[PDB]
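In my numbering, the protein residues as written are 3 to 93. We treat Cβ as the ideally placed atom computed from N, Cα and C, and that holds for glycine.
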Amino acid sequence: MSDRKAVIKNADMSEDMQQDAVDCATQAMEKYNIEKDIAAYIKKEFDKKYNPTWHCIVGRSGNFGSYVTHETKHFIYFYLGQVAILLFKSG
Numbered sequence: 003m004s005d006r007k008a009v010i011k012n013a014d015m016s017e018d019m020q021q022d023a024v025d026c027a028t029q030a031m032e033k034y035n036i037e038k039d040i041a042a043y044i045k046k047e048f049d050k051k052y053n054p055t056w057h058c059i060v061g062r063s064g065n066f067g068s069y070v071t072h073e074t075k076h077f078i079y080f081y082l083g084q085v086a087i088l089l090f091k092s093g
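Quick look at the structure:
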């Protein structure tokens, strides 16, 4: 019995981001309980403190495997029971 997954999938970043992401993700979920604010709070917190711009997006097993490339060259991917977050920099 575990109705609260919340796990990370993969991350090809330096590491300071998957760390600041897991935190900005934890605080984003603690400060914000929405889906567009978590992505707007992590995307706004990332670009406003990591240089524009990051693609902190959220979803639910929709189609994060045929429209997240954009030549990322580095990114991270979180999971939250039915939800899927994708942070990265398409700069």
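Go ahead and label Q84 buried or exposed: buried means 16 or more other beta carbons lie within 10 angstroms of its beta carbon, across all protein chains shown. exposed
Please report how far the alpha carbon of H76 lies from the alpha carbon of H57, in whole angstroms. 11 angstroms
Go ahead and pull the three-state DSSP assignment for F80. strand
Considering just the uninterrupted stretch of the beta strand (DSSP E) at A8, what are its terminal residues? No beta strand (DSSP E) contains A8, which DSSP labels as neither H nor E.
Sequence-distant residues of the same chain with beta carbon closer than 7 angstroms to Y34, five excluded per side: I40, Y43
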